[PDB]
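Participant: Here is the input, now give the coordinates:
(4 chains, ligands or ions: 2)
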Amino acid sequence: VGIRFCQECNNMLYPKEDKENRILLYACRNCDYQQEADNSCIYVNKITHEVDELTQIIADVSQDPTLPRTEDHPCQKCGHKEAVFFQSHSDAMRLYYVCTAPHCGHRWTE
Amino acid sequence: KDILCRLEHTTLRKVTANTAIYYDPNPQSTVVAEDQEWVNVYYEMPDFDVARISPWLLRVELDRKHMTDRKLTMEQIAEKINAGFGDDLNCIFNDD
Amino acid sequence: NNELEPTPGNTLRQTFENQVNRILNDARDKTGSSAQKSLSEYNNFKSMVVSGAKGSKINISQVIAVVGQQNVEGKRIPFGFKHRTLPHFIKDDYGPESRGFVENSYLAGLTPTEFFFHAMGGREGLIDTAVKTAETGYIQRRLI
Amino acid sequence: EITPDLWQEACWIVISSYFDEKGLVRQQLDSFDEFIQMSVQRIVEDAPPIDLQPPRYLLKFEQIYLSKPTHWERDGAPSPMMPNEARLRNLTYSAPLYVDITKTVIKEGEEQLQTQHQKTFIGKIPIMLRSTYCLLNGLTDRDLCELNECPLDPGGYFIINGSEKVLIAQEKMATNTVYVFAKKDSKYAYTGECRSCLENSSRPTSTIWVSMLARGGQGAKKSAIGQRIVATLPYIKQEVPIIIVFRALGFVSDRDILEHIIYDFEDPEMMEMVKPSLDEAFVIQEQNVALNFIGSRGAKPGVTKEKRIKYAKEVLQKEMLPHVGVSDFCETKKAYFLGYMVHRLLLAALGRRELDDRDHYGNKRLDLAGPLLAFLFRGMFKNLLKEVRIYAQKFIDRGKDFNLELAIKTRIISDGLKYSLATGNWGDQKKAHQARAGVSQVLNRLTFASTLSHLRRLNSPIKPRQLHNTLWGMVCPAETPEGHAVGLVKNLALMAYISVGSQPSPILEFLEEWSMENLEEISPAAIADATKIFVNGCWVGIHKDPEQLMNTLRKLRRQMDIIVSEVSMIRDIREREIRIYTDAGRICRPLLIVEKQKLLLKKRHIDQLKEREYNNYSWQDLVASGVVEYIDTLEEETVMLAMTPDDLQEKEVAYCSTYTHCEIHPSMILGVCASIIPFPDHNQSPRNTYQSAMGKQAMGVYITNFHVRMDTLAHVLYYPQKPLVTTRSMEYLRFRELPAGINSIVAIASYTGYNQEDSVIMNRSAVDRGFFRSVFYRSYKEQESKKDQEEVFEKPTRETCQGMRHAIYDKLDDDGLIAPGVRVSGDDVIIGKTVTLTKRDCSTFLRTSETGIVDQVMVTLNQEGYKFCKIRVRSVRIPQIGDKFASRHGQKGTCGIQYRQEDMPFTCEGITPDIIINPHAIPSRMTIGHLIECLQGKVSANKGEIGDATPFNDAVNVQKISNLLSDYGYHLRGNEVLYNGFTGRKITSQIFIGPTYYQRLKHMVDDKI
Ligand SMILES: [Zn+2]
Ligand SMILES: [Zn+2]
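Facilitator: Numbers count the residues shown, from 1 in each chain, chains lettered A, B, ... in the order given. Ligands and ions are numbered 1, 2, ... in the order given. Have a look at this structure:
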């Protein structure tokens, strides 16, 4: 899905099939380097974007005074009770959680 | 509801789950093993694989809500693309 | 908690607001009919409403009971700073007071937050008057 | 140690210390005082030496010298000048300016002669009245009234040719940041913007965009590849795409172009986005080709390649992002902050970051008399140099000598700073439909609350009209004009302060003493987790543990060691950055500080504030001890306030517990003229806006030297009264030494009917005792001018001078002026001026036919040496039927009929109210402030103590106003039995009486008849 950069020329490798092998290849233009393609997928074009926000959710949002800290839900693994929640910040009123008491940083969703 | 759905300009962006491009020149060895049941079904008794299918594959997924919200048929999607662009776009409908 | 079915026509966002502007115009009016009826027969506001000489019987239901909702652009107060309409609030405040609704009435005085929010509802209607004199002062001198 | 319920008098102590020290117009005495301190040193400093050409000439200035303002009074003798002398003679209040010049000549033969011109007269700057260079600053209170000046005159207005001018604050948009807006119809989707400039030096702007094209493309140009990114560089009439720009920065490879754009190379959702923009900028690799591509679109496109190598080499390092670097080695630097904008182009195109509101006042910089004159002094210091470029090069042909003291044209500076600051067309006088007019208005003299709130004023540059949420604490929400600009002219609050400006170098020389490797020391795989560190919009360095850098920087503002109090430092969290502003022209306000549960304002502080005399512990030791803190409009986006320390520190059900600050008292958010309203949380907000525009007009004793002044339009009451029902911030607005109206016993009744819904029945046997009876002065300019038809003051005999009316010349004296104390009627000659021709006739009649008394005549010289005269014809004006009155609670009214004490309805005790207002004006105009002030004045004229009507006082509700009224023998709702006026019948209902402070406006009925 992501970009494969060119070796020792450092540009972007275009994908190009090889009809003489019936096997996909990547290829540069400014040099002649190629690569055995092991992916067989050019790109994906997601319409739903049913995105796990938890990848984007940063554990550093735990020392912000302007967020609604609560003690109703304890941590998922650490047993600590200071769970400070917030919005999505983006069709949904979902609240996500972040544990406090640092070197924990875990996040979960109700 | 039949009258209701005949007025909205429904493109295929509204019913698309996601879209990707693979390169599976042999249908018998696609990157997906799950479709290999029904891809073979259109190729056990195949039609119009006459000279050379281009070796690419555009795989579009569809929905569940927006596809029965309007009672849409996999035929009338495939028939309208076949009527929209001719027989030189080998479109294969599958099963809900 | 994802426990509210979205009414067809709008998303979960716009059907949240229509659900909560329902519960702030009934209490604005259940505090509006029980205030007019409770006024005495000698009460001098009732002599200028029953007699009908001065209409707008909603503009003395804000004296006594509840000022009600504020709006700008037809919506209760948007988040200005960053998801916080004023610096006194927490984030994720869709509550019944951090977006504009006023518990107090003019006799009892107004909270120093809610004095700012009524300064905003009085600004959206204070401009339109300066616009609707260059609109209907122009139709009538053109349609002649 | 801690004050539980003594908080009310506590918080009005720490404010008393504030308006002692800062006062109300220090925002023009910091700003204009800082413009003459260094920002007239710096423009002389940075401007390059004239290096004009065998011989060569070099011309380099030096330290510049001011003085105190002085008039070279035409007799060949110099003389200092004082502001009450400069008004009366139409002078301009300015001080001369003097530069040291170094001057080297080269005379062919390896030894050069240098000369020097010590303290050469170059021109004048109009001194702002009372700011460190005026003759007033340095004088105590008694010494100031031995010159006929006012101890209550606020200052902050420079006299220009006699009259008084005020530079309004012209609001603009903040520079040196990255704005990611959105557009509706245009050929883009999610465009960006930056408006870079450094230090308010030359090169004013370069509004470089970076803009993402739409996906509504036709054919396989864009639609079959996707959305592309372009870069609208300045001085290029095209849309030069992105990767071409980075290859003109000396880069080659597409890892070392994406190592300045995207930080993590392990997220496919961003890497998809830049992918169709490499495809369009693909055939160019060498920096000799992309720089040919860029330069081929310029001002005039060059023909050789060596032009297009030369041209776009100075485009991309002199006129594209100057503030990130202006040297010829900032190619590595500019490569990031241009690449930073594309990273903020993608963060909104993906919906992975909120886009910027256009209204929000964290994006707004104000400007005051300091920065505006710096914009007007650069465009006129170059013109001084321009004629020295012209005068010298017309003298290279001789080569005899050179002389500068005949070459400096001093009237360049002393006219353009006097023209453009008189009229307002803010710029030069040669291209007039290109400027920003409306700066330098003319100053009000009506009320002294107007004179204040004419000085605390912003000005939008044209949704700029609705009321935005970032005006808590900064700007008054109530006060605004009505008519053609609602919300486009906004007046400041009381606790608002505008930053003055400071130099950012002693913060950068602190950060490297702690941490923060610069941009030269980042492997940019080590930038995906760091908190990027900004100064003035410039981007220098990163950091790994921002919690310690946050605390270390906060504890240097709270002690004022290295970082000044002015600078505010802002850490956002989710966008992972630190911003630092040493920026000139922000706005910020002081709040109290909370330390994890409770305050840092402790009892041992405010017991030392209370004895402000003989301890000098006045707000400058309370900042330094770290109890208050200036907070700007965009750290308020990061902060947690409490309204009141009483209820919002006591734990209840734990709403929130992470309070960082608290505010002094929440009624300081109202401006000058909106603080005069008693109970402004009881008014329907169309009426607090309405009063805040009528407060300017209501006359009163304006400045206590109207015996000396010669104004036109001088209204002054006879007997002004400080109000019985008052606010605790009238004291700081100076409304006890100078009030604006008389109280009046007012009843709310229908009567004989002359009060039709905006009218008021007075009492003529109260008007006979001076009730609202006021004077209206007047003035007259009369320039004698010899030219040659010339004219002189004289007395015209009727049958030797030409055309004149039947205005009898009895009142004229031996020379043509009226002595004071001679009653002039309607349309008789006051100055008998005659253009000498037999002679023509140019009398100056008393306009408006008022029939007043000539009160004072002064005779002086003009600026030039021509005789002058001003005349002040005064008239009383008894309040007739017509003259318009208004309370502090909206609802302006007329005067219908004047009844008698005989006829006005009397109480049980012989009280006959001065004014009857209609009942129906209450429930639809909707001011219940008017029925409580009218109640509070009846308590406070029997309790004998001037009442309390602070806005959110929480201790004066209408229940215990009632039960204090009930302890004197009245009825506790304020009602009272009037009797009839004519019959003596008891009225079937009661009437609500009580004294209420009424104002007589200037919309008179004798201003038009
Ligand atoms: Zn390569
Ligand atoms: Zn935990």
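Participant: The strand or helix carrying residue D:86: how far from the chain's middle?
Facilitator: For residue D:86, the element it lies in under DSSP states H and E is helix D:83-88. How far helix D:83-88 lies from its chain's middle: 25 Å, per Cα atoms, centre = their mean, to the nearest Å.
Participant: which residues sit against that helix?
Facilitator: D:71, D:91-93, D:129, D:134-136, D:147-149, D:159, D:162, D:164, D:705, D:708-710, D:858, D:860, D:870 (Cβ atoms under 8 Å, 6 or more residues apart in numbering or on different chains). C-beta coordinates here come from the backbone N, C-alpha and C atoms, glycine included.
Participant: If we check ligand 2, which of those residues are in contact?
Facilitator: Among the contacts of helix D:83-88, proximity to ligand 2 is found for none (Cβ under 5 Å from the ion).
Participant: So how do I select the buried members of those residues in PyMOL?
Facilitator: Selection of buried members from the contacts of helix D:83-88 for PyMOL, criterion 16 or more other Cβ atoms under 10 Å in any protein chain shown:
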select buried, chain D and resi 71+91+92+93+129+134+135+136+149+159+162+164+709+710+870
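Participant: In helices only, show me the contacts of helix D:83-88.
Facilitator: Assigned to helices by DSSP state H, none of these qualify.
Participant: thinking again about what came up before, tell me which residues of the helix holding residue D:86 come out buried.
Facilitator: Buried residues in helix D:83-88, counted by 16+ other Cβ under 10 Å: D:83, D:85-88.
Participant: Please pull up the helix or strand immediately following that helix.
Facilitator: strand D:94-106.
Participant: Buried ones in the following helix or strand past that following strand, by neighbour count?
Facilitator: Scanning forward in sequence from strand D:94-106 by DSSP H and E, the next helix or strand is strand D:112-126. Buried residues in strand D:112-126, counting neighbours by 16+ other Cβ under 10 Å, are found at D:117, D:120, D:122-126.
Participant: any chance of the residues you listed in CSV, plus distance to chain B?
Facilitator: Output for those, formatted as CSV (distance: Cβ to the nearest Cβ, whole Å):
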residue, distance to chain B
D:117, 77
D:120, 75
D:122, 70
D:123, 68
D:124, 69
D:125, 65
D:126, 65
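Participant: Any chance of JSON lines for those residues, columns distance to residue D:661?
Facilitator: Shown next, in JSON lines, are the buried residues of strand D:112-126 (distance: Cβ to Cβ, whole Å):
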{"residue": "D:117", "distance to residue D:661": "55"}
{"residue": "D:120", "distance to residue D:661": "52"}
{"residue": "D:122", "distance to residue D:661": "48"}
{"residue": "D:123", "distance to residue D:661": "47"}
{"residue": "D:124", "distance to residue D:661": "46"}
{"residue": "D:125", "distance to residue D:661": "40"}
{"residue": "D:126", "distance to residue D:661": "40"}
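Participant: Looking at the residues you listed, point me to the pair that's furthest apart.
Facilitator: With Cβ to Cβ as the measure, no two of these lie farther apart than D:117 and D:126, at 24.7 Å.
Participant: Just give me the closest of the buried residues of strand D:112-126 to residue C:63.
Facilitator: residue D:126 (53.0 Å).
Participant: and that closest one, bridged to which residues?
Facilitator: Beta bridges link residue D:126 to residue D:94 when assigned by DSSP bridges.
Participant: I'd like the distance between it and ligand 1.
Facilitator: 66 Å (Cβ to the ion, to the nearest Å).
Participant: Isn't that residue up against residue D:91?
Facilitator: No. Residue D:126 is beyond contact range of residue D:91, at 10.6 Å (criterion: Cβ atoms under 8 Å).
Participant: between those two, what contacts are shared?
Facilitator: What both residue D:126 and residue D:91 touch, as defined by Cβ under 8 Å, 6+ apart, is the set residue D:159.
Participant: so what's the backbone phi/psi at the one residue in the stretch 601-750 of chain D that gets nearest to chain B?
Facilitator: Closest approach between the stretch 601-750 of chain D and chain B, counting by Cβ to the nearest Cβ: residue D:637, at 36.6 Å. With angles defined as degrees, to the nearest 10, residue D:637 sits at phi -70, psi -10.
Participant: Just confirm it contacts residue C:81, I think it does.
Facilitator: Yes. Under the criterion of Cβ under 8 Å, residue D:637 makes contact with residue C:81 at 4.6 Å.
Participant: So which of these two has more stuff around it?
Facilitator: Shown here are residue D:637 and residue C:81; by other Cβ atoms under 10 Å in any protein chain shown, residue C:81 has more neighbours (23 against 19).
Participant: Now for the more buried one: which residues touch it?
Facilitator: C:87, D:469-470, D:636-637.
Participant: Just those residues: which are in helices?
Facilitator: Using DSSP H, none of those sit in helices.
Participant: Considering these, which possesses the most neighbours?
Facilitator: residue D:636 (28 neighbours).
Participant: what residues are up against that one?
Facilitator: C:81, C:87, D:470, D:472-473.
Participant: Can you tell me how far the residue in chain A that chain D sits nearest to is from ligand 2?
Facilitator: Distance from chain D to each residue of chain A (Cβ to the nearest Cβ) is smallest for residue A:10, at 3.6 Å. Distance of residue A:10 to ligand 2, given as Cβ to the ion: 42 Å.
Participant: Would you confirm that that residue belongs to a strand?
Facilitator: No. Assignment of residue A:10 by DSSP: H, G, I helix; E, B strand; the rest coil gives coil, placing it outside any strand.
Participant: Report the spatially closest residue to it, excluding sequence-adjacent ones.
Facilitator: Ranked by Cβ to Cβ, 6 or more residues apart in numbering or on different chains and with sequence neighbours excluded, the top spatial neighbour of residue A:10 is residue D:253, at 3.6 Å.
Participant: related to what we said a few turns ago, where do the contact lists of residue D:637 and residue C:81 overlap?
Facilitator: Common contacts of residue D:637 and residue C:81 (Cβ under 8 Å, 6+ apart): residue C:87.
Participant: need the next SSE after the helix or strand containing residue D:292, C-terminal direction.
Facilitator: When elements are assigned from DSSP H and E, residue D:292 belongs to helix D:287-295. Remark: after helix D:287-295, the chain's next helix or strand is helix D:305-318, criterion DSSP H and E.
Participant: follow-up on the earlier one: I'd like the buried residues of strand D:112-126 as JSON lines, with distance to ligand 2 appended.
Facilitator: Converted to JSON lines, the buried residues of strand D:112-126 look like this (distance: Cβ to the ion, whole Å):
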{"residue": "D:117", "distance to ligand 2": "75"}
{"residue": "D:120", "distance to ligand 2": "73"}
{"residue": "D:122", "distance to ligand 2": "70"}
{"residue": "D:123", "distance to ligand 2": "69"}
{"residue": "D:124", "distance to ligand 2": "69"}
{"residue": "D:125", "distance to ligand 2": "64"}
{"residue": "D:126", "distance to ligand 2": "65"}
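Participant: buried residues in stretch D:978-985?
Facilitator: Within stretch D:978-985, judged by 16+ other Cβ under 10 Å, the buried ones are D:978, D:981.
Participant: For it, give me every contacting residue.
Facilitator: D:747, D:749, D:751, D:899, D:902-908, D:986-987, D:990-991, D:993.
Participant: Distance from it to the middle of the chain?
Facilitator: For stretch D:978-985, the distance to the chain centre is 55 Å (Cα atoms, centre = their mean).
Participant: So what would you say the end-to-end distance of that stretch is?
Facilitator: 9 Å (Cα to Cα, to the nearest Å).
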